[PDB]
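So the structure is just underneath, and the comments pick up after that.
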Amino acid sequence: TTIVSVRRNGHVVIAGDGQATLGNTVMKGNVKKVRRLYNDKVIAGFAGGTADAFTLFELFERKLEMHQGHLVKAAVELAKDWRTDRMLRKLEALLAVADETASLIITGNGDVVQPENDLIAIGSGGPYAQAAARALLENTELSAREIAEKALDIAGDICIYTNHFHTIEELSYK
Amino acid sequence: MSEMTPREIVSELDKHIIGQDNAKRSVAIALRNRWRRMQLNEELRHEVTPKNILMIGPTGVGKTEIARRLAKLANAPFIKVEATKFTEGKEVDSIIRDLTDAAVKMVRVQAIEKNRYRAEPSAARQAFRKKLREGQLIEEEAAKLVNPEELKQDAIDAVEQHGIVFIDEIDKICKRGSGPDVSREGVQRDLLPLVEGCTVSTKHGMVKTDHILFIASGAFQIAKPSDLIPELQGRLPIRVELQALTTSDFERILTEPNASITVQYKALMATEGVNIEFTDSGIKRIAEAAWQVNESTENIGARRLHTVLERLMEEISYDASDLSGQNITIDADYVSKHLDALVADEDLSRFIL
Amino acid sequence: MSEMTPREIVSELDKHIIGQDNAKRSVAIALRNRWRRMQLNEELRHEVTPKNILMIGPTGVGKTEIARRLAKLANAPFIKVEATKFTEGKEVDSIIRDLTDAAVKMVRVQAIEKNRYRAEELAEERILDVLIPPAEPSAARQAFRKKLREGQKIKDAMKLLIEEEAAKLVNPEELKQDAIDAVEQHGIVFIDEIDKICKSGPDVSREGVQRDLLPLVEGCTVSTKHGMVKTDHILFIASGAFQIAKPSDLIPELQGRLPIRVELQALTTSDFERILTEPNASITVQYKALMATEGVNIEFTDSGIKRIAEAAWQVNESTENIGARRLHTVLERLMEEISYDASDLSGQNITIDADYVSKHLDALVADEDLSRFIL
Ligand SMILES: Nc1ncnc2c1ncn2[C@H]1C[C@H](O)[C@@H](COP(=O)(O)OP(=O)(O)O)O1
Ligand SMILES: Nc1ncnc2c1ncn2[C@H]1C[C@H](O)[C@@H](COP(=O)(O)OP(=O)(O)O)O1
Numbered sequence: 001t002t003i004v005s006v007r008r009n010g011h012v013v014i015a016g017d018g019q020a021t022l023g024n025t026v027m028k029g030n031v032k033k034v035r036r037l038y039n040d041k042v043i044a045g046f047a048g049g050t051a052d053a054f055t056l057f058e059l060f061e062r063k064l065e066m067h068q069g070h071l072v073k074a075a076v077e078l079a080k081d082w083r084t085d086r087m088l089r090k091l092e093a094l095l096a097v098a099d100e101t102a103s104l105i106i107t108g109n110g111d112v113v114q115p116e117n118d119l120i121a122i123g124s125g126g127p128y129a130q131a132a133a134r135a136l137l138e139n140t141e142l143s144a145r146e147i148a149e150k151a152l153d154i155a156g157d158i159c160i161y162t163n164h165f166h167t168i169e170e171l172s173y174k
Numbered sequence: 001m002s003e004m005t006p007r008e009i010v011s012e013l014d015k016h017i018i019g020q021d022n023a024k025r026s027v028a029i030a031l032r033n034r035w036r037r038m039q040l041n042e043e044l045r046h047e048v049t050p051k052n053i054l055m056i057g058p059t060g061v062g063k064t065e066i067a068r069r070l071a072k073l074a075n076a077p078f079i080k081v082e083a084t085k086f087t088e093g094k095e096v097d098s099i100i101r102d103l104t105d106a107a108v109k110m111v112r113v114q115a116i117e118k119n120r121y122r123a151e152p153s154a155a156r157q158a159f160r161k162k163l164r165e166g167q225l226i227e228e229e230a231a232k233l234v235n236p237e238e239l240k241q242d243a244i245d246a247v248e249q250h251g252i253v254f255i256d257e258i259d260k261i262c263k264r265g268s269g270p271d272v273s274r275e276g277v278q279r280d281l282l283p284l285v286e287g288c289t290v291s292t293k294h295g296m297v298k299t300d301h302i303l304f305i306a307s308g309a310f311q312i313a314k315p316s317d318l319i320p321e322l323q324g325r326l327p328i329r330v331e332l333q334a335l336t337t338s339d340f341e342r343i344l345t346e347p348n349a350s351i352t353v354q355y356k357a358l359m360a361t362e363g364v365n366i367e368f369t370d371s372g373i374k375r376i377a378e379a380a381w382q383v384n385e386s387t388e389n390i391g392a393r394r395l396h397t398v399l400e401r402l403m404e405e406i407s408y409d410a411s412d413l414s415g416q417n418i419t420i421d422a423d424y425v426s427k428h429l430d431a432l433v434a435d436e437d438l439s440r441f442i443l
Numbered sequence: 001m002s003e004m005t006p007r008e009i010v011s012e013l014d015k016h017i018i019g020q021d022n023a024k025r026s027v028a029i030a031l032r033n034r035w036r037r038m039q040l041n042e043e044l045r046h047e048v049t050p051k052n053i054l055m056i057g058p059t060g061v062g063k064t065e066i067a068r069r070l071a072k073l074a075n076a077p078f079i080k081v082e083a084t085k086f087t088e093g094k095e096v097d098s099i100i101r102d103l104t105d106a107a108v109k110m111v112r113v114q115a116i117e118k119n120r121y122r123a124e125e126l127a128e129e130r131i132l133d134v135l136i137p138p139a151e152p153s154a155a156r157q158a159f160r161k162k163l164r165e166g167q217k218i219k220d221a222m223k224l225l226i227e228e229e230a231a232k233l234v235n236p237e238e239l240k241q242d243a244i245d246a247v248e249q250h251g252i253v254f255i256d257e258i259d260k261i262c263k268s269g270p271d272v273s274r275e276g277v278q279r280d281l282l283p284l285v286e287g288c289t290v291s292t293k294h295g296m297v298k299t300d301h302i303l304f305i306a307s308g309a310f311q312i313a314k315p316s317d318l319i320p321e322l323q324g325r326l327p328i329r330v331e332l333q334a335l336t337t338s339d340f341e342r343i344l345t346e347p348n349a350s351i352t353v354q355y356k357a358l359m360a361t362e363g364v365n366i367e368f369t370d371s372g373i374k375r376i377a378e379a380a381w382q383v384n385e386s387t388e389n390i391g392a393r394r395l396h397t398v399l400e401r402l403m404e405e406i407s408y409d410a411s412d413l414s415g416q417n418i419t420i421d422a423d424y425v426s427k428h429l430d431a432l433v434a435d436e437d438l439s440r441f442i443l
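Chains as they are written, first to last, in PDB author numbering: chain D, 1 to 174; chain F, 1 to 88, 93 to 123, 151 to 167, 225 to 265, 268 to 443; chain E, 1 to 88, 93 to 139, 151 to 167, 217 to 263, 268 to 443.
Below, the structure written as structure tokens:
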């Protein structure tokens with residue numbers, strides 16, 4: 001699995017592969033690891049079990065409503081309940097979410113992180129995508145969509161757990 | 001009882017609440033169906049039942065003030081109850101009991117008002160009567233004029249016909265999905283007979299709940315109304331969502347509503363001989379100040395306006411005795427002087443404001 | 001008490017409930033056994049006991065309405081109790101206590117209906133004694160009697225005499241003792257969601277409520293401030309979806325005290341269209357008479373009724389199925405604009421057509437995220 005997020009020129013995107021591996025075999029190649037949330041004002045992705053993300057995403061929308069859509073404060077409350085609840089502690093996934101404000105990562109350890117330049121790369125192929133997205137973002141004028149697209153393809157060529165099926169959700173704020 | 005049309009109800013509510021017209025329109029329909037029911041024949045009056053309302057929105061946007069002014073508008077008995085109180093415990097029937105005890109004190113004090121003013152003359156007679164009014225039995229006469237058997241039978245009819253009950257924070261008894271969900275949904279079942287037309291005994295008398303109106307409220311950010319038990323969802327025909335208040339609404343709430351808190355502070359300082367006056371820029375920065383605390387820390391709605399205004403006026407309210415005969419102006423500089431130092435420090439805002 | 005035959009009962013229930021004939025036939029047999037028992041001799045009247053019914057089906061299909069219209073049809077005392085209320093706590097005997105309190109107010113208000121007539125006559129004869137004190152009615156006795164009925217402390221006095229005369233006419237030992245006879249002979253109790261108390269921890273508390281309920285159906289005596297009531301001949305109606313559990317999961321002493329079993333079918337879109345109109349005082353008729361109070365004339369087209377039932381059906385399928393209760397939420401949402409403007413629309417004839425229903429609803433039904441909050 002690999003998921004990438006890039007922010008440039010008033011635009012931010014999240015892209016991820018569709019591969020679902022079971023041991024050494026491919027279970028499903030068209031998995032939708034990216035979706036929209038909170039009246040399509042937020043984009044998010046997940047690396048892990050499909051249901052574990054749908055539970056965390058729904059609660060994340062709840063935390064946004066309590067905090068009026070504030071991304072950072074809602075992410076802390078989600079990370080707070082995630083580590084705390086005996087039910088949620090069993091969940092195993094790596095969330096990625098962003099809005100026009102900023103991009104950040106959320107984890108089951110309770111750790112909330114905003115990468116340098118708001119460049120997120122997670123999953124088994126994440127480091128490979130971060131290496132390619134870092135190269136294009138500094139050496140080219142390409143839009144954030146073009147960077148996350150080409151970066152995810154390179155991660156699929158390298159990572160055996162990642163494929164070239166893609167799902168993207170751009171957000172323009174300019 | 002009152003024959004006011006739904007627009008006449010909303011127009012009266014605008015004198016107190018600011019905006020939230022959809023909630024005002026919804027309560028007006030429920031109060032107007034009351035008068036509509038009395039005009040119907042014997043059969044339909046039993047079949048028709050009150051159109052209960054479920055308000056939805058964040059705290060402090062006026063879900064309660066609509067219910068309060070509505071009951072105050074109709075002179076109906078009123079009570080607010082926290083649904084979580086029954087999670088532990094008290095019986096649910098107490099709702100009707102306390103509503104009648106409020107209806108008793110309401111009709112009784114209203115009965116005293118009729119008994120109050122009641123409670151050739153000789154030239155010497157008028158002379159002492161004039162000296163008496165200039166200064167120098226209310227119990228026995230008001231007791232003689234009052235009809236205790238009437239006040240008790242009346243408060244029941246005031247409850248059974250006009251009674252209004254506001255169940256705050258109903259969203260918190262919805263299932264969160268097992269332990270609390272039984273206790274939470276158990277409260278919903280215990281409330282069910284009150285809206286389904288049961289009978290509750292009280293020391294004042296035997297009350298029936300069939301035609302009582304009810305107004306639930308909840309943020310429903312965690313749970314949703316669909317999480318309510320099916321028997322309860324069908325007993326709340328009318329749904330409405332109250333919008334979050336904006337900075338412009340805070341500016342209106344400070345002034346436009348009748349007996350607004352700014353007007354209250356002006357009359358209070360008038361008691362000390364001091365004259366208060368708020369500039370439009372000063373009212374603006376006050377509303378800007380309350381919005382910053384709600385966005386910086388926790389959003390308590392319009393209730394933030396109360397804590398900020400009292401923090402701003404605390405110096406004047408203390409000195410108001412010594413400032414008698416003076417005209418104090420609350421300008422934009424005065425607001426920034428007493429507040430911007432506080433609003434800037436979020437750690438202190440969680441205490442002082 | 002009533003001598004109605006079982007078909008006469010079902011035909012009356014058809015005026016309110018739509019379909020579910022088997023539930024109507026089953027309740028009719030229970031009410032008929034009441035009249036059949038009184039015709040029997042002293043011995044069999046004791047040995048025979050009410051044929052209790054267990055309704056089964058999804059929520060909102062009219063299980064409760066049959067029990068409500070059934071008791072209302074018999075003028076019997078009635079109460080609905082949620083079986084889960086006792087999981088936490094209140095005593096089970098309160099069921100009979102609250103039933104008698106409803107029976108008290110029922111016989112009392114009905115007794116006022118009898119006293120409402122005679123008391124006005126005796127009250128008139130009392131107030132005419134002050135206008136024409138006595139030393151065929153006198154001419155002045157009628158000349159004042161006419162001005163009185165035409166209308167006019218004096219005005220307060222006519223109310224006080226209704227109490228003293230209705231008190232003088234009423235027989236409290238025959239009234240407070242009548243509600244006990246109304247409860248013991250005619251009483252009815254509806255126990256909703258009994259399936260949820262079926263079967268380790270909760271299973272003891274769940275089945276414990278069953279044993280607590282057991283004496284009331286097997287027969288017992290409960291003490292109340294109004295008197296001492298016996299439960300031997302009270303009829304009971306239990307209801308539950310029984311999707312998680314089955315009636316066999318009930319304690320054996322309880323399965324044998326529910327001789328009659330019936331399953332209620334799920335309502336269809338066609339039944340929704342009937343519920344909107346056919347039943348006496350149907351909610352569509354209620355909205356029509358209500359707007360008539362404001363001087364407005366409502367009229368629903370057959371296709372407009374057809375698209376309301378389709379609207380309520382889509383929400384039950386799109387989100388959660390609450391049964392016919394969905395019809396109430398959809399209709400008020402459709403009529404909210406008329407109900408607010410009805411004052412200004414007086415003297416106008418409004419027509420609820422298919423285009424009107426789609427205009428106010430399809431935008432809401434289309435968004436499932438909104439339907440859960442609004443509908
Ligand atoms: N729309 C509005 N117009 C005027 N005042 C309002 C208002 N919303 C809130 N307030 C003020 C009046 C109340 O004293 C206080 C609390 O409001 P409330 O009715 O208790 O809100 P809620 O129903 O969310 O609890 O805030
Ligand atoms: N078969 C039917 N005919 C007419 N109205 C019905 C109906 N089934 C349900 N309703 C309506 C009228 C009631 O006010 C409301 C509640 O239904 P109910 O009798 O409580 O269902 P249940 O007993 O399955 O919970 O739904």
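Ideal Cβ placement from N, Cα and C applies to all residues, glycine included.
### Query
Under 7 Å Cβ-Cβ, which residues of chain D neighbour F/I312?
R62
### Query
How about the stretch 271 to 290 of chain F and the stretch 229 to 246 of chain F: do they share at least three Cβ pairs that are nearer than 8 Å?
no
### Query
Helix, strand or coil: which one does DSSP assign to F/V96?
Secondary structure at F/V96: coil, using DSSP grouped into helix, strand and coil.
### Query
For E/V285, does the three-state DSSP call read helix, strand or coil?
In the structure shown, E/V285 adopts helical secondary structure according to DSSP, grouped into three states.
### Task
Please work out which residues of its chain come closer than 8 Å, Cβ to Cβ, to F/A106, disregarding the five sequence neighbours upstream and downstream, and give them in chain order.
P77, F78 and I79
### Cβ pair D/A133, D/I106 closer than 8 Å
no
### Query
Going by Cα to Cα distance, which pick from E/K85, E/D435 and E/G324 is closest to D/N39?
E/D435
### Message
Taking the alpha helix (DSSP H) that E/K217 belongs to, which residues open and close that run?
### Response
Boundaries cannot be given for E/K217, as no alpha helix (DSSP H) includes it and DSSP labels it neither H nor E.
### Query
F/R101 by DSSP, collapsed to three states: which one?
DSSP places F/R101 in helix when its eight states are reduced to three.
### Message
Taking the alpha carbon of E/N417 as the reference point, which residue from E/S439, E/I373 and E/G363 has its own alpha carbon closest?
### Response
The shortest Cα separation from E/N417 among E/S439, E/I373 and E/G363 belongs to E/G363.
### Task
Assess, as a yes-or-no matter, whether the stretch 48 to 66 of chain F is touched by the stretch 307 to 316 of chain F under the definition of 3 or more beta carbon pairs within less than 8 Å.
yes
### Query
Secondary structure at F/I351, three-state DSSP: helix, strand or coil?
helix
### Query
Is the beta carbon of F/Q20 within less than 7 Å of some heavy atom of ligand 1?
yes
### Task
Report the three-state DSSP secondary structure of D/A131 (helix, strand or coil).
helix
### Task
Could you work out which residues of chain D lie near F/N389, taking near to mean beta carbons separated by less than 7 Å?
Those are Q68, listed as they occur along chain D.
#### Entry: Pairwise C-alpha distance: F/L399 and E/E227
In this structure, the alpha-carbon of E/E227 lies about 56 Å from that of F/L399.
### Message
Can you find the residues in the same chain that come closer than 6 Å, C-beta to C-beta, to E/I100, ignoring five residues on each side of it along the sequence?
### Response
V290 and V297
### Message
Using the three-state DSSP reduction, which class does D/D17 fall into: helix, strand or coil?
### Response
Here D/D17 carries a strand assignment [DSSP, helix/strand/coil].
### Query
Tell me, which residues are paired with E/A392 by DSSP?
Answer is none; E/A392 lacks a bridge partner.
### Query
Is any heavy atom of ligand 1 found at a distance shorter than 7 Å from the C-beta of E/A83?
no
### Query
The beta strand (DSSP E) spanning E/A306 covers which residue range?
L303 to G308
### Contact list for D/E65 against chain F, beta-carbon separation under 7 Å
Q311
### Task
Going by CA-CA distance only, name the one from E/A380, E/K118, E/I390 and E/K72 that's closest to E/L429.
E/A380
### Task
Have a look at E/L358 and F/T5 and give me their C-alpha separation to the nearest angstrom.
13 Å
### Query
So what's E/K72 in DSSP terms, helix, strand or just coil?
helix
#### Entry: D/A93 - partner residues in DSSP beta bridges
D/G48
### Query
Looking at C-alpha atoms only, which residue of E/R279, E/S426, E/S350 and E/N52 is the closest neighbour of E/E95?
E/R279
### Message
Please classify D/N30 as buried or exposed, where buried requires at least 16 neighbouring CB atoms within 10 angstroms.
### Response
exposed
### Query
From this set, F/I366, F/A360, F/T84 and F/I406, which residue's C-alpha is nearest F/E257's C-alpha?
F/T84
### Message
Am I right that E/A67 and E/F254 are in contact with their C-beta atoms under 8 Å? What's the rounded C-beta distance?
### Response
4 Å
### Query
So, are the CB atoms of E/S26 and E/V330 less than 8 Å apart?
yes
### Query
Three or more C-beta pairs closer than 8 Å, one from the stretch 11 to 20 of chain E and one from the stretch 400 to 408 of chain F: is that the case here?
no
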